[PDB]
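Here's the structure we're looking at; comments come further down.
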Amino acid sequence: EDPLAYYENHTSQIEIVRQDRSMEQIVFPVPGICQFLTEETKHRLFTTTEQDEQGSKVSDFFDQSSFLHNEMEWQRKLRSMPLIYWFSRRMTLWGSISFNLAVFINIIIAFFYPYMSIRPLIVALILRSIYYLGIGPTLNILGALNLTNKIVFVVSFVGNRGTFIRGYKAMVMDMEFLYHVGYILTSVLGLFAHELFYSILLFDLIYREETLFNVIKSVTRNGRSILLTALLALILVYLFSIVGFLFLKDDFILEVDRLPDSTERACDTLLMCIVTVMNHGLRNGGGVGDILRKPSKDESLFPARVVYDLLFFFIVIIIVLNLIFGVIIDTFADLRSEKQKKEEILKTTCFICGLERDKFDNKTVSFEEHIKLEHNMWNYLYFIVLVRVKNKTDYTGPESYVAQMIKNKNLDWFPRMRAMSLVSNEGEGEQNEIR
Amino acid sequence: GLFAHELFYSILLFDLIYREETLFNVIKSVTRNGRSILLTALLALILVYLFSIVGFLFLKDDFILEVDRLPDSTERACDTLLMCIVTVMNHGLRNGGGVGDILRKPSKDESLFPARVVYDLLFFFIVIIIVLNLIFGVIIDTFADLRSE
Ligand SMILES: Nc1ncnc2c1ncn2[C@@H]1O[C@H](COP(=O)(O)OP(=O)(O)OP(=O)(O)O)[C@@H](O)[C@H]1O
Ligand SMILES: [Zn+2]
């Protein structure tokens, strides 16, 4: 309604650096296409963009400009389609419905197999269906609902994300799409082949919960270290088994509960000795000595047995096994430190210029205004889109300069540790004093 | 405690936490990431459910448990999926060696001996050394974060 309000909303400003290392302020109109940028995509980019070797996110932010433009174009195209857009807007609802259905199906299977808010209402309806129709019909209905809801969720996911915008190859390469396809296949298997396949769907908890994902990362980050420690444990077990087979063959007597003698020799062969050690010594707190024949102090090999058991216990149980847990704790610490560093950087430094919030103290302009009005990464994206959408025939000085810098793949036009609102005022003031 | 039953006085011992700040910080070291601990427990439950399904499908006869009947001494603890899940979730988690510490001892001549060995080893590595230790790792991480803050 208000022309001034409309122009203020559709007008943006940025700061650039020219070839002579001089800072200039450019005021431009926001292209209409820029209005179709999703807040989810903006947040994802802001929280995922990484720093380069020089500590700048500008390289990645610029490299994502084409993807952002294509995503905005796809969103504009989709918004003309009401039904598909409406379905795409409810991805969270579809995912929640699918997860609840999977949980209910798994609970029913656990509590009844073998056989033959609105959540309380859903539970009551499920109980009534079980009482009236039966477990089988209830499971069939739940499986059909889960399959339909997952199909709707996949349609919504593709529509909203525009993964096809990068091509079918990119969509296939995407891990999330493959995960959704595998989930659909698992649901189909549960519905038709055997209901027990529904148990696999419980792994969707990891996908849904980020905290559990971080906990799992604490183990998977140093998975190579864990596997190497396990291999070292296996080598030590092999050596101990060799020693036992050479000198303690008769002490490997194991009780057995034969199905319709009660003891057997478990070290007649090297492979059997290795298997017995690797299993029992590792699964017993006291080590291999907890299953070997109990010796007597009068035996000549009693000191040897004591030394063997003690060495196994100290070397394998207290050290080797605890190394995996130590690696897990170290990974926990490293993840926490990295996350804290990243959050501190993101919250106390400027995305474009990288200046800290401590140069802006005691000045007309604060960090908040500097990030909302002067170095807006989104305003830079809008300027990039304008340069790419504007006919070359009506470029201005700075528009042509930025277009040429883009043609040459040069980022030196983004400011870096410099702000027109920070040092330009004092610089002009000292210049006036000098003059 | 004064009127209904004197045993209610035991609840008053929780005032120690209120009185002592150090114990309160120790409890905070666990309660700060309570959601993480609960999610880890749910993951453990899901893994136990999968292992119980596998055992019921292929190792039904090996779930024999001794019982001290009040005035046969063994019973089958995996005749149903729910019973198998309960037995695993209890014994495997409360035994250092895992679920294998309560299953029937096999013989090397049995055709399923390698399968039993693999099952027990997988349960031990996946659930006992990793999943259970994740809660303790979370507690240690919370300790470190609290001290740093
Ligand atoms: N250069 C930057 N440095 C730090 N944070 C930034 C930067 N540019 C943007 N942000 C933050 O990223 C988010 C994007 O701000 P944006 O102007 O898009 O907000 P908005 O409220 O959605 O917009 P508007 O109200 O102007 O229509 C905000 O949190 C903003 O503070
Ligand atoms: Zn800036």
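Here's how to read the names in the structure tokens: chain A, B, ... by the order shown, residue numbers from 1 in each chain, ligand numbers from 1 in the order shown.
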Could you pull the residues within 10 Å of residue B:140, counting only C-alpha atoms, minus those fewer than 3 positions along the same chain, as a ChimeraX atom specification? /A:329,332-333 /B:29-30,134-137,143-146
For the selection just defined, write its residues with N, CA and C atoms to a file, as a compact mmCIF listing (two decimals), in the first residue's frame.
```
# COMPACT_ATOMS: atom_id res chain seq x y z
N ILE A 329 35.49 -41.91 23.97
CA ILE A 329 35.51 -40.70 24.80
C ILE A 329 36.26 -39.58 24.09
N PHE A 332 34.03 -38.16 21.51
CA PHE A 332 33.07 -37.28 22.18
C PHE A 332 33.67 -35.90 22.40
N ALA A 333 34.87 -35.86 22.99
CA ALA A 333 35.50 -34.58 23.30
C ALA A 333 35.78 -33.78 22.03
N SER B 29 25.38 -33.68 35.85
CA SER B 29 26.22 -34.31 34.84
C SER B 29 25.50 -35.44 34.12
N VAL B 30 24.47 -36.01 34.73
CA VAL B 30 23.66 -37.05 34.10
C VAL B 30 22.39 -36.47 33.49
N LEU B 134 28.29 -46.01 25.54
CA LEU B 134 27.90 -44.69 25.04
C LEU B 134 27.27 -43.83 26.12
N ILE B 135 26.48 -44.43 27.02
CA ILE B 135 25.89 -43.67 28.12
C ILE B 135 26.98 -43.10 29.01
N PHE B 136 27.97 -43.93 29.35
CA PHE B 136 29.07 -43.46 30.19
C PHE B 136 29.88 -42.38 29.47
N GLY B 137 30.08 -42.54 28.16
CA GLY B 137 30.76 -41.50 27.40
C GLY B 137 30.00 -40.19 27.41
N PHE B 143 30.30 -34.06 32.08
CA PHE B 143 31.25 -33.62 33.10
C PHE B 143 32.19 -32.56 32.53
N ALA B 144 32.79 -32.86 31.38
CA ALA B 144 33.75 -31.93 30.78
C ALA B 144 33.08 -30.61 30.42
N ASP B 145 31.89 -30.67 29.82
CA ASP B 145 31.20 -29.44 29.43
C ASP B 145 30.86 -28.59 30.64
N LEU B 146 30.38 -29.22 31.72
CA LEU B 146 30.05 -28.48 32.92
C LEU B 146 31.29 -27.82 33.51
```
Ligand 1: which residues are within 6 Å, counting only C-alpha atoms and all ligand atoms? Reply as a list in words. residues 350, 351, 352, 371, 372, 375, 376 and 377 of chain A
Please, could you write that set of residues out with N, CA and C atoms as a PDB file, in the first residue's frame?
```pdb
ATOM      1  N   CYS A 350      31.255 -12.327  11.238  1.00  0.00           N
ATOM      2  CA  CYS A 350      30.402 -11.964  10.117  1.00  0.00           C
ATOM      3  C   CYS A 350      30.615 -12.946   8.972  1.00  0.00           C
ATOM      4  N   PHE A 351      29.513 -13.402   8.376  1.00  0.00           N
ATOM      5  CA  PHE A 351      29.600 -14.440   7.357  1.00  0.00           C
ATOM      6  C   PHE A 351      30.431 -13.979   6.166  1.00  0.00           C
ATOM      7  N   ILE A 352      30.264 -12.725   5.751  1.00  0.00           N
ATOM      8  CA  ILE A 352      30.945 -12.237   4.556  1.00  0.00           C
ATOM      9  C   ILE A 352      32.358 -11.773   4.889  1.00  0.00           C
ATOM     10  N   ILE A 371      25.195  -6.958  10.184  1.00  0.00           N
ATOM     11  CA  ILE A 371      24.832  -8.232   9.576  1.00  0.00           C
ATOM     12  C   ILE A 371      23.442  -8.175   8.957  1.00  0.00           C
ATOM     13  N   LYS A 372      22.587  -7.251   9.406  1.00  0.00           N
ATOM     14  CA  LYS A 372      21.226  -7.161   8.890  1.00  0.00           C
ATOM     15  C   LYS A 372      21.099  -6.208   7.704  1.00  0.00           C
ATOM     16  N   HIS A 375      26.308  -6.293   5.280  1.00  0.00           N
ATOM     17  CA  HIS A 375      26.964  -7.458   4.701  1.00  0.00           C
ATOM     18  C   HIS A 375      26.021  -8.654   4.654  1.00  0.00           C
ATOM     19  N   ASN A 376      24.786  -8.429   4.217  1.00  0.00           N
ATOM     20  CA  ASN A 376      23.806  -9.504   4.150  1.00  0.00           C
ATOM     21  C   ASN A 376      24.170 -10.481   3.037  1.00  0.00           C
ATOM     22  N   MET A 377      24.556 -11.699   3.427  1.00  0.00           N
ATOM     23  CA  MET A 377      24.861 -12.732   2.442  1.00  0.00           C
ATOM     24  C   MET A 377      23.708 -12.907   1.463  1.00  0.00           C
TER      25      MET A 377
END
```
Per-residue DSSP, stretch 68-180 of chain A, filtered to alpha helix (DSSP H), as JSON, numbers by chain: {"A": [68, 69, 70, 71, 72, 73, 74, 75, 76, 77, 78, 79, 82, 83, 84, 85, 86, 87, 88, 91, 92, 93, 94, 95, 96, 97, 98, 99, 100, 101, 102, 103, 104, 105, 106, 107, 108, 109, 110, 111, 112, 119, 120, 121, 122, 123, 124, 125, 126, 127, 128, 129, 130, 131, 132, 135, 136, 137, 138, 139, 140, 141, 142, 143, 144, 145, 146, 147, 148, 149, 150, 151, 152, 153, 154, 155, 156, 157, 158, 159, 160, 161, 168, 169, 170, 171, 172, 173, 175, 176, 177, 178, 179, 180]}
Could I get the residue neighbourhood of ligand 2 at 12 Å, counting only C-alpha atoms and all ligand atoms, as a PDB file with C-alpha atoms, in the first residue's frame?
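Result saved to selection22.pdb:
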```
ATOM      1  CA  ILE A  14      25.702  -4.345  -0.491  1.00  0.00           C
ATOM      2  CA  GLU A  15      29.374  -3.401  -0.238  1.00  0.00           C
ATOM      3  CA  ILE A  16      32.026  -4.320  -2.808  1.00  0.00           C
ATOM      4  CA  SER A  56      36.333 -17.743   4.399  1.00  0.00           C
ATOM      5  CA  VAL A  58      32.587 -16.928   0.446  1.00  0.00           C
ATOM      6  CA  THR A 348      30.454 -13.909  16.843  1.00  0.00           C
ATOM      7  CA  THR A 349      31.820 -13.418  13.308  1.00  0.00           C
ATOM      8  CA  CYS A 350      30.402 -11.964  10.117  1.00  0.00           C
ATOM      9  CA  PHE A 351      29.600 -14.440   7.357  1.00  0.00           C
ATOM     10  CA  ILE A 352      30.945 -12.237   4.556  1.00  0.00           C
ATOM     11  CA  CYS A 353      33.767 -10.174   6.064  1.00  0.00           C
ATOM     12  CA  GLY A 354      34.571 -12.417   9.035  1.00  0.00           C
ATOM     13  CA  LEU A 355      34.991  -9.501  11.438  1.00  0.00           C
ATOM     14  CA  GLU A 356      34.373 -10.252  15.104  1.00  0.00           C
ATOM     15  CA  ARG A 357      31.713  -8.589  17.237  1.00  0.00           C
ATOM     16  CA  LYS A 359      35.540  -4.218  16.623  1.00  0.00           C
ATOM     17  CA  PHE A 360      31.990  -2.805  16.613  1.00  0.00           C
ATOM     18  CA  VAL A 365      26.653   0.831  13.971  1.00  0.00           C
ATOM     19  CA  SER A 366      26.550  -2.442  15.901  1.00  0.00           C
ATOM     20  CA  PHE A 367      27.238  -5.999  14.768  1.00  0.00           C
ATOM     21  CA  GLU A 368      23.496  -6.649  14.468  1.00  0.00           C
ATOM     22  CA  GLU A 369      23.024  -3.809  11.987  1.00  0.00           C
ATOM     23  CA  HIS A 370      26.252  -4.763  10.218  1.00  0.00           C
ATOM     24  CA  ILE A 371      24.832  -8.232   9.576  1.00  0.00           C
ATOM     25  CA  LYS A 372      21.226  -7.161   8.890  1.00  0.00           C
ATOM     26  CA  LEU A 373      21.891  -4.196   6.583  1.00  0.00           C
ATOM     27  CA  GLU A 374      25.492  -3.981   5.312  1.00  0.00           C
ATOM     28  CA  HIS A 375      26.964  -7.458   4.701  1.00  0.00           C
ATOM     29  CA  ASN A 376      23.806  -9.504   4.150  1.00  0.00           C
ATOM     30  CA  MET A 377      24.861 -12.732   2.442  1.00  0.00           C
ATOM     31  CA  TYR A 380      24.875 -10.569  -2.069  1.00  0.00           C
ATOM     32  CA  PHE A 414      33.752  -9.612  -1.634  1.00  0.00           C
ATOM     33  CA  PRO A 415      34.933  -7.581   1.380  1.00  0.00           C
ATOM     34  CA  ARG A 416      37.377  -9.288   3.737  1.00  0.00           C
ATOM     35  CA  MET A 417      38.089  -7.981   7.250  1.00  0.00           C
ATOM     36  CA  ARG A 418      36.852  -4.573   6.067  1.00  0.00           C
ATOM     37  CA  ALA A 419      33.554  -2.771   6.617  1.00  0.00           C
ATOM     38  CA  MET A 420      32.470   0.638   5.346  1.00  0.00           C
ATOM     39  CA  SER A 421      30.636   1.181   8.634  1.00  0.00           C
ATOM     40  CA  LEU A 422      33.597   0.352  10.878  1.00  0.00           C
ATOM     41  CA  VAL A 423      36.775   2.135   9.777  1.00  0.00           C
TER      42      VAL A 423
END
```
Could you check the closest approach to chain A for each of B:16, B:102, B:39, B:128 and tell me which residue wins, using only C-alpha atoms? B:39
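Near residue B:56, within 9 Å and counting only C-alpha atoms, sit residues 51, 52, 60, 61, 63, 78, 79, 80, 81 and 84 of chain B; same-chain residues fewer than 4 positions away were not included.
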For those residues, write C-alpha atoms to a file as a compact mmCIF listing (two decimals), in the first residue's frame.
```txt
# COMPACT_ATOMS: atom_id res chain seq x y z
CA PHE B 51 18.57 -60.00 18.21
CA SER B 52 15.50 -61.55 19.84
CA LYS B 60 14.52 -71.12 19.65
CA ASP B 61 15.78 -74.30 21.34
CA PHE B 63 16.85 -70.40 25.24
CA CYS B 78 11.84 -68.02 23.74
CA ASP B 79 8.62 -69.85 22.87
CA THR B 80 7.10 -66.42 22.14
CA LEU B 81 8.63 -63.25 20.74
CA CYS B 84 12.41 -63.89 24.02
```
Applying 9 Å and only C-alpha atoms, which residues near residue B:116 remain after dropping the ones on its own chain fewer than 6 positions away? List them as a PDB file with N, CA and C atoms, in the first residue's frame.
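What follows is the written file selection08.pdb:
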```pdb
ATOM      1  N   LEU B  59      17.231 -69.746  16.735  1.00  0.00           N
ATOM      2  CA  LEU B  59      17.817 -70.284  17.959  1.00  0.00           C
ATOM      3  C   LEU B  59      16.761 -70.433  19.044  1.00  0.00           C
ATOM      4  N   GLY B 100      24.981 -64.667  25.486  1.00  0.00           N
ATOM      5  CA  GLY B 100      25.568 -65.995  25.451  1.00  0.00           C
ATOM      6  C   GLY B 100      25.812 -66.602  26.816  1.00  0.00           C
ATOM      7  N   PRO B 106      26.705 -74.865  23.452  1.00  0.00           N
ATOM      8  CA  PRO B 106      26.732 -75.757  22.291  1.00  0.00           C
ATOM      9  C   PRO B 106      27.981 -76.629  22.279  1.00  0.00           C
TER      10      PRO B 106
END
```
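Pairwise distance (atom CA of residue A:269, atom CA of residue B:121) equals 20.6 Å.
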Using only C-alpha atoms, what table do you get, as a Markdown table, when you list each residue of chain B with an atom no more than 8 Å from chain A, its nearest pair of atoms, and their distance in Å rounded to one decimal, rows by chain then rising number?
```
| residue | atom | partner | partner_atom | distance |
| --- | --- | --- | --- | --- |
| B:36 | CA | A:211 | CA | 6.1 |
| B:39 | CA | A:212 | CA | 6.0 |
| B:40 | CA | A:212 | CA | 6.7 |
| B:46 | CA | A:202 | CA | 6.8 |
| B:49 | CA | A:199 | CA | 7.8 |
| B:50 | CA | A:199 | CA | 6.8 |
| B:53 | CA | A:196 | CA | 7.8 |
| B:80 | CA | A:114 | CA | 6.5 |
| B:81 | CA | A:113 | CA | 5.8 |
| B:82 | CA | A:110 | CA | 5.4 |
| B:85 | CA | A:110 | CA | 7.8 |
| B:96 | CA | A:283 | CA | 6.7 |
| B:97 | CA | A:283 | CA | 4.1 |
| B:98 | CA | A:283 | CA | 7.4 |
| B:104 | CA | A:257 | CA | 6.3 |
| B:105 | CA | A:256 | CA | 5.2 |
| B:106 | CA | A:256 | CA | 6.0 |
| B:107 | CA | A:256 | CA | 6.1 |
| B:117 | CA | A:279 | CA | 7.3 |
| B:121 | CA | A:279 | CA | 6.8 |
| B:124 | CA | A:283 | CA | 7.1 |
| B:129 | CA | A:325 | CA | 7.6 |
| B:130 | CA | A:325 | CA | 7.7 |
| B:133 | CA | A:325 | CA | 6.8 |
| B:134 | CA | A:215 | CA | 7.3 |
| B:137 | CA | A:329 | CA | 5.5 |
| B:138 | CA | A:332 | CA | 7.6 |
| B:140 | CA | A:329 | CA | 7.5 |
| B:141 | CA | A:332 | CA | 6.4 |
```
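The space separating atom CA of residue A:426 from atom CA of residue A:363 comes to 10.4 Å.
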What lies within 12 Å of residue B:66 using only C-alpha atoms, ignoring chain neighbours under 4 positions off, as a ChimeraX atom specification? /B:72-77,102-104
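The strand (DSSP E or B) portion of stretch 44-144 of chain B consists of residues 64, 65, 66, 74, 75 and 76 of chain B, with states taken from DSSP on the backbone.
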How many Å separate atom CA of residue B:33 from atom CA of residue B:147? 14.8 Å
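Restricting the calculation to only C-alpha atoms, the smallest distance between residue A:151 and any of A:123, A:184, A:4, A:34 is found for A:184.
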Long-range neighbours of stretch 382-390 of chain A as a PDB file with C-alpha atoms, in the first residue's frame, 10 Å cut-off, only C-alpha atoms, 5 positions minimum in chain:
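Generated file (selection-v4.pdb):
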```pdb
ATOM      1  CA  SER A  12      18.696  -3.916  -1.056  1.00  0.00           C
ATOM      2  CA  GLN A  13      22.263  -2.712  -0.566  1.00  0.00           C
ATOM      3  CA  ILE A  14      25.702  -4.345  -0.491  1.00  0.00           C
ATOM      4  CA  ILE A  26      25.778  -0.472  -4.223  1.00  0.00           C
ATOM      5  CA  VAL A  27      22.004  -0.053  -3.876  1.00  0.00           C
ATOM      6  CA  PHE A  28      19.964  -2.250  -6.211  1.00  0.00           C
ATOM      7  CA  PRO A  29      16.378  -3.486  -6.568  1.00  0.00           C
ATOM      8  CA  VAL A  30      15.646  -7.033  -5.443  1.00  0.00           C
ATOM      9  CA  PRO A  31      14.648  -9.298  -8.363  1.00  0.00           C
ATOM     10  CA  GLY A  32      11.178 -10.764  -8.053  1.00  0.00           C
ATOM     11  CA  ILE A  33      12.507 -14.304  -8.444  1.00  0.00           C
ATOM     12  CA  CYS A  34      14.489 -13.834  -5.224  1.00  0.00           C
ATOM     13  CA  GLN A  35      11.199 -13.840  -3.284  1.00  0.00           C
ATOM     14  CA  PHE A  62      29.249 -18.342  -4.276  1.00  0.00           C
ATOM     15  CA  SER A  65      24.600 -19.508  -6.034  1.00  0.00           C
ATOM     16  CA  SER A  66      23.567 -21.461  -9.138  1.00  0.00           C
ATOM     17  CA  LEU A  68      20.060 -21.446  -5.032  1.00  0.00           C
ATOM     18  CA  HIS A  69      18.834 -19.776  -8.227  1.00  0.00           C
ATOM     19  CA  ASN A 376      23.806  -9.504   4.150  1.00  0.00           C
ATOM     20  CA  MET A 377      24.861 -12.732   2.442  1.00  0.00           C
ATOM     21  CA  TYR A 395      24.841  -2.703 -16.815  1.00  0.00           C
ATOM     22  CA  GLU A 399      27.391  -4.324 -12.276  1.00  0.00           C
ATOM     23  CA  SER A 400      29.876  -4.704 -15.133  1.00  0.00           C
ATOM     24  CA  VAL A 402      31.068  -7.828 -10.784  1.00  0.00           C
ATOM     25  CA  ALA A 403      30.023  -9.526 -14.027  1.00  0.00           C
ATOM     26  CA  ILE A 406      32.474 -13.599 -12.129  1.00  0.00           C
TER      27      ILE A 406
END
```
I'd like the neighbourhood of residue A:346 as a ChimeraX atom specification, where a residue qualifies if any of its atoms comes within 9 Å (using only C-alpha atoms), though same-chain residues fewer than 5 positions away should be ignored. /A:46-47,341,351
Please produce a file of the residues just selected, as a PDB file, in the first residue's frame, where the atoms kept are N, CA, C and O atoms.
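Result file follows (result-v6.pdb):
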```pdb
ATOM      1  N   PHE A  46      23.207 -21.601   5.797  1.00  0.00           N
ATOM      2  CA  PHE A  46      23.898 -20.803   6.803  1.00  0.00           C
ATOM      3  C   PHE A  46      24.586 -21.687   7.836  1.00  0.00           C
ATOM      4  O   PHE A  46      25.713 -21.400   8.256  1.00  0.00           O
ATOM      5  N   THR A  47      23.927 -22.765   8.258  1.00  0.00           N
ATOM      6  CA  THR A  47      24.470 -23.627   9.300  1.00  0.00           C
ATOM      7  C   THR A  47      25.388 -24.721   8.768  1.00  0.00           C
ATOM      8  O   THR A  47      26.045 -25.392   9.571  1.00  0.00           O
ATOM      9  N   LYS A 341      33.323 -24.612  18.796  1.00  0.00           N
ATOM     10  CA  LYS A 341      34.083 -23.660  17.993  1.00  0.00           C
ATOM     11  C   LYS A 341      33.248 -23.140  16.830  1.00  0.00           C
ATOM     12  O   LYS A 341      33.233 -21.934  16.553  1.00  0.00           O
ATOM     13  N   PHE A 351      29.513 -13.402   8.376  1.00  0.00           N
ATOM     14  CA  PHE A 351      29.600 -14.440   7.357  1.00  0.00           C
ATOM     15  C   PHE A 351      30.431 -13.979   6.166  1.00  0.00           C
ATOM     16  O   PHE A 351      31.226 -14.752   5.619  1.00  0.00           O
TER      17      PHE A 351
END
```
